[PDB]
Amino acid sequence: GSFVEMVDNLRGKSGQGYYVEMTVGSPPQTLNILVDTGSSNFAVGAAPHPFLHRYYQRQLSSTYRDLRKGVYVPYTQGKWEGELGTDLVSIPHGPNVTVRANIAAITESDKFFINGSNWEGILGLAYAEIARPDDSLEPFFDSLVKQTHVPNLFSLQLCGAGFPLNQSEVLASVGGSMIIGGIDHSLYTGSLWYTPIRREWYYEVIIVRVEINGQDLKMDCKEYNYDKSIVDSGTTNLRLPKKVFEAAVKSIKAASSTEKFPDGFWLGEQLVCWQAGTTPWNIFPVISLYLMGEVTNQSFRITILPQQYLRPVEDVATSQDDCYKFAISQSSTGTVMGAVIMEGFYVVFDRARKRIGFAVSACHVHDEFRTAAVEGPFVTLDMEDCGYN
Amino acid sequence: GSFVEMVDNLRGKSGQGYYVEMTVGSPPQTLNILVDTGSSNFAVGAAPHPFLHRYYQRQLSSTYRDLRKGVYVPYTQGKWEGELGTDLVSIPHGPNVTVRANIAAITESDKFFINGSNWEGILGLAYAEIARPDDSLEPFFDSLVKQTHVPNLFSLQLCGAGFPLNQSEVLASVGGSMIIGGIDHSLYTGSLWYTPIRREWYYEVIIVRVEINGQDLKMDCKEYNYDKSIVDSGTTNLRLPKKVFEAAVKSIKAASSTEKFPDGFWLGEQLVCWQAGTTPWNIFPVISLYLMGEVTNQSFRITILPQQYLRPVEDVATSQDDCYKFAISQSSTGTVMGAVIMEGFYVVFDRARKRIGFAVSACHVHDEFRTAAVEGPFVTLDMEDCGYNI
Ligand SMILES: COc1cccc(-c2cccc([C@]3(C)CC(=O)N(C)C(N)=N3)c2)c1
Ligand SMILES: COc1cccc(-c2cccc([C@]3(C)CC(=O)N(C)C(N)=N3)c2)c1
């Protein structure tokens with residue numbers, strides 16, 4: 001019920017990613033690696049890059065094995081490309097094991113590495129179905145479970161500070177915990193509620209109802225999951241399908257109407273600032289996402305505060321004002337429950353029982369009047385119909 | 001053909017430079033001078049060097065004037081040092097005028113002069129902003145325009161042979177034309193299309209779209225001009241910013257995938273050879289660069305063939321094979337539309353109207369199936385956003 005060695009093993013923030021220390025090769029080469037539930041490749045910088053101060057040097061590892069195969073991962077105006085191989089991998093603040101795992105050695109990239117993120121690679125924690133070049137490239141977690149006795153589960157506690165962390169602060173601050181092979185009860189309060197993993201590719205889930213300050217968004221529930229809904233620690237925002245996004249922004253604007261904000265704010269592009277300590281949290285609504293339960297015709301809900309969906313950012317003038325960006329944005333690839341949502345909760349990726357658990361996080365940001373919540377059950381019918389085909 | 005006295009006044013090739021004959025001093029001293037749109041100094045060898053068979057002898061010129069100032073010019077590879085002065089300068093196959101111009105007399109150099117290039121100096125045709133030591137040293141063309149009635153424009157037709165030229169052939173062959181003060185209609189076909197000169201320092205332009213065999217490279221257009229894009233007759237290759245180069249090479253490899261080439265070829269280091277006459281031009285893609293037009297929201301494109309981007313080179317075994325080097329390479333200083341690109345086109349440097357014109361060259365190398373092209377217009381929005389800002 002406690003995994004002391006793994007508690008507080010994460011660093012980072014929602015805007016740039018949460019990462020864990022890993023070692024690759026013999027002798028071990030230490031790297032900081034993005035914890036990414038939204039992808040399935042273990043890919044590390046393996047050549048000089050202006051944003052990297054270290055990278056994987058294959059020629060210095062006696063245990064390096066060349067798979068003699070390339071891998072190309074393009075995004076919309078950007079990419080990563082590399083060379084496949086295998087090597088011995090360990091997680092210093094993880095299970096006391098060493099695994100032989102696939103590694104994509106990144107040789108070229110465009111708009112991939114982030115200046116000041118402090119990470120040099122990515123740990124794709126999702127399933128083989130979405131691994132590149134194809135599903136035959138076993139993901140890291142699959143190798144870890146196959147080669148050791150580590151239980152087939154991991155849990156994430158991502159801790160948003162609630163205020164901007166400068167360069168030195170973010171390197172010194174504890175950003176959360178990745179518990180590998182278990183659940184640590186000190187990381188959450190209340191009960192854990194589980195939603196089924198719909199299909200094993202991304203960590204896909206089904207949203208059955210959406211509320212803004214208890215008011216039903218009242219859309220056909222298939223809209224909420226068009227074309228899928230996923231839990232992604234590697235996405236900053238809560239991202240919503242176009243139609244859902246438009247309806248949600250209209251409702252959030254209506255609820256917060258006592259103050260008017262420029263359109264650039266609602267586009268997640270420009271910041272909004274208030275005098276130190278005067279952020280008007282109470283004018284912004286809570287957002288409730290109802291998820292399919294494990295029991296027939298039953299759902300539960302997770303409730304998010306503006307302390308989660310308003311992302312703290314430093315002002316251009318580095319003033320004493322408290323500034324934020326709107327961390328809800330449009331998607332054309334379905335709902336994405338990103339880092340800003342995960343920061344409210346302790347999230348259990350129970351691969352063994354094909355389900356994801358949510359509980360209120362012991363590190364979520366709130367105020368004296370409202371708290372994030374995980375509650376249930378609720379009677380909900382035809383929930384399978386909310387899934388898109 | 002309105003400028004017969006200037007037509008065919010160039011010699012040289014893309015690998016070593018195109019040069020024009022000039023005279024300096026009184027009595028005139030003849031020198032061959034690199035035509036360089038990528039720099040702004042008129043600099044000539046003025047002391048013995050192993051690769052020079054002649055140089056400027058200031059002590060023999062009655063019109064020489066010493067400016068009593070030194071100049072130090074380092075490049076990526078190579079550098080030179082000189083002594084500044086002025087003298088009377090003429091272009092025998094040029095306008096029939098004589099002008100007093102600044103001259104940097106090169107007294108010391110390292111990896112600057114090229115063995116067998118046949119040129120003894122450089123004619124920097126770009127703007128004062130990039131002149132050395134600073135912008136107060138008036139460039140040659142500025143002096144020419146100020147002192148005479150020559151219109152503020154020049155045009156270049158660089159003629160690539162399409163095959164290697166030995167030492168004897170390169171000296172006897174016509175390498176192209178530099179028309180000073182005008183546009184000669186015999187040097188091009190079709191229409192001239194103009195792109196704005198973004199800023200007067202280098203001949204800076206803005207590329208708004210890139211295609212490989214009609215397939216959009218699909219990069220943010222700012223990437224194509226990061227940190228600038230220039231037209232440089234003094235650069236051999238088409239040079240592209242790192243990310244653009246990586247994307248272009250991947251696409252060129254994919255288009256030419258029926259034949260595999262070693263990594264050294266794509267690095268522009270090693271040659272590739274085919275049996276005489278069998279170069280598989282058709283497997284290589286055409287490359288289109290769209291440039292900002294003179295009209296709002298309008299662009300045009302220039303299309304080049306592998307006959308431009310594959311530079312003919314003599315085989316190591318001087319065999320009968322047709323050999324080439326890949327003449328596209330990476331840059332950390334922005335896009336450079338070098339000589340191999342300019343060989344496809346007649347290029348008008350319209351300084352008076354702050355614009356550069358392109359038209360299909362009457363001397364471009366092609367095959368029976370494809371030709372280089374200059375076409376337009378194309379509707380293109382937010383082109384100003386393609387320009388880079390520090
Ligand atoms: C909160 O997590 C992040 C914050 C900023 C950037 C990234 C990030 C950077 C580069 C690649 C990824 C990626 C592999 C690809 C991607 O687009 N997503 C959404 C993802 N989950 N992982 C993330 C993660
Ligand atoms: C096609 O033009 C050339 C081919 C080979 C070499 C040169 C050349 C040699 C020495 C200096 C220059 C220079 C003055 C400096 C430079 O690096 N570039 C790119 C330039 N435009 N002119 C060119 C020109």
Side-chain angles (χ1 to χ4, degrees), chain A residues 12-19 33-43 51 73-76 78-80 104 106 109-114 116-117 119 121-126 130 132 158 160 175 202-203 230-237 239 311 327 331 333 336 338-343, chain B residues 12-19 33-43 73-80 104 106 109 111-114 117 119 121-126 130 132 158 160 175 202-203 230-237 239 311 327 331 333 336 338-343:
Chain A
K13 60 190 181 176
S14 64
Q16 297 191 310
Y18 286 88
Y19 62 86
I33 305 296
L34 177 76
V35 172
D36 190 10
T37 69
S39 70
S40 303
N41 283 77
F42 179 39
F51 304 161
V73 182
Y75 307 106
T76 302
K79 72 154 196 190
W80 76 256
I106 299 166
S109 60
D110 181 45
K111 252 291 185 300
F112 178 77
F113 294 115
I114 293 184
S117 70
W119 52 259
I122 66 181
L123 183 62
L125 289 163
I130 63 163
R132 301 300 207 78
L158 308 184
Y202 290 96
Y203 285 99
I230 71 170
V231 182
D232 186 6
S233 64
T235 286
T236 296
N237 291 354
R239 306 184 65 220
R311 182 174 65 86
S331 172
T333 61
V336 184
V340 301
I341 302 311
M342 294 184 74
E343 284 172 352
Chain B
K13 57 187 179 184
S14 65
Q16 296 191 313
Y18 286 89
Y19 61 86
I33 303 298
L34 179 75
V35 171
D36 190 12
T37 69
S39 71
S40 304
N41 285 79
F42 178 42
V73 181
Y75 303 119
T76 299
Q77 299 183 186
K79 52 191 178 179
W80 58 260
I106 300 168
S109 65
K111 304 171 177 184
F112 172 70
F113 293 116
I114 300 174
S117 71
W119 53 256
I122 67 186
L123 183 60
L125 291 166
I130 60 168
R132 287 301 180 80
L158 307 185
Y202 289 95
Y203 283 100
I230 70 172
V231 182
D232 186 6
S233 62
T235 287
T236 295
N237 289 357
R239 302 180 71 215
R311 183 172 64 84
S331 174
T333 65
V336 187
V340 301
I341 303 308
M342 296 182 71
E343 281 173 357

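Note on naming: letters A, B, ... go to the chains in the order of the sequence lines (proteins, then strands), and numbering restarts at 1 for each one. These values consider heavy atoms only, across backbone and side chains, with no hydrogens, waters or symmetry-generated copies. One-based numbering, in listed order, for ligands and for the atoms of each.
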### Task
Locate the shortest heavy-atom distance separating A:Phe113 from A:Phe51; write the atom from each residue and the value.
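So the two residues come closest at O-CD1, 3.6 Å.
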### Message
On a heavy-atom basis, which atom in B:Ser233 and which in B:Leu158 lie closest, and how many Å separate them?
### Response
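Heavy atoms only, the tightest pair is CB-CD1, 4.2 Å.
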### Message
In terms of relative ring orientation, are A:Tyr75 and A:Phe112 parallel, tilted or perpendicular, with 30° and 60° separating the classes?
### Response
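Rings of A:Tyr75 and A:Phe112: parallel, as their planes differ by under 30°.
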### Task
Check side chain to side chain contact (heavy atoms under 4.5 Å, CB included) between A:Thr236 and all other residues, then give those that pass, not counting sequence neighbours.
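Expected list: A:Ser14, A:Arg311, A:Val340.
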What short N/O contacts, under 3.5 Å, does ligand 2 make with the protein, listed by atom pair and distance?
residue	atom	partner	partner atom	Å
ligand 2	2 (O)	B:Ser233	O	3.4
ligand 2	21 (N)	B:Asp36	OD1	2.8
ligand 2	21 (N)	B:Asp36	OD2	3.4
ligand 2	21 (N)	B:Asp232	OD1	3.0
ligand 2	21 (N)	B:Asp232	OD2	2.9
ligand 2	21 (N)	B:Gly234	O	3.3
ligand 2	22 (N)	B:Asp36	OD2	2.6

### Query
Would you find a donor on one side and an acceptor on the other, under 3.5 Å apart, between the side chain of A:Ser331 and the backbone of A:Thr333?
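It does hold such a pair.
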### Query
So, does A:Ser39 use its side chain to make a donor-acceptor pair with the main chain of A:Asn41 at under 3.5 Å?
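No, the answer is negative, given that no donor and acceptor are paired below the 3.5 Å cut-off.
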